[PDB]
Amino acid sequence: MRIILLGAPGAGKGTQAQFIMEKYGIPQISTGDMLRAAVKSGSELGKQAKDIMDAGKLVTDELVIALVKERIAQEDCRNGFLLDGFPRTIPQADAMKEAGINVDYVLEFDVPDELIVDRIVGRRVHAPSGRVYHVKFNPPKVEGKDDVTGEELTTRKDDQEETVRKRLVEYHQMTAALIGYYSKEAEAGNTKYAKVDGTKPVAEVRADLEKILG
């Protein structure tokens, strides 16, 4: 069972990761994780990808692909894998096909931008301790203040409404053609594609995956 899980930043597609992992007994894999696990290994690619990172240049599509083919070749991927957040472009996806890395399902965790914004800007945090809150779901006992210390709560620079919005616009701009690519690939029978609605409750989204997957 080989699955590609896609979704906008802050949509929360990771909320179904462990379900898929336990359902079909497969590891979760991201380009970020293997970038490190490669350097950790004495692999040539690891040493290669290490130099590119130390020099602060983007990792080439060919090198990332090589790391992927290397990653899924390991024994933990005997029954498949869960590929999280990759590919991100059509060249990358085609490069996976050019190297014969097919997948069974392409899942698109979909959440409207406005909802994502609403979720994120609602966050509050106690920076020095790292304690997190949220105006809904988990508000502090004393309004605007940390339960433990009683100090005023703040917000992350990474959660600024203006910052989050640019991230989404950028993401859609970069992912739009790729979604159509896999949807068309599905019409060609090369893989299966399904646009999952991530606005419903977790338990409901989970049950929808079982009808899509099996």
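Quick note: we count residues from 1 along the sequence shown, nothing fancier.
Comparing 122 to 130 with 86 to 94, the higher mean C-alpha B-factor in the PDB entry belongs to 122 to 130. The question of which stretch, 143 to 151 or 59 to 67, has the higher mean Cα B factor is settled in favour of 143 to 151. The residue among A207, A8, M1, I4 whose C-alpha carries the highest B-factor in the deposited model is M1. Within the selection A177, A38, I26, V164, the deposited Cα B-factor values reach their highest point at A38. In the PDB entry, a CA B factor belonging to the lowest third of its chain's modelled residues is recorded for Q18. Sorting the modelled residues of the chain by their CA temperature factor places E114 in the middle third.
Sort the chain's modelled residues by C-alpha temperature factor and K50 lands in the highest third, per the entry. The PDB entry assigns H172 a C-alpha temperature factor belonging to the lowest third of its chain's modelled residues. Remark: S43 belongs to the highest third of its chain, ranked by C-alpha B-factor as recorded.
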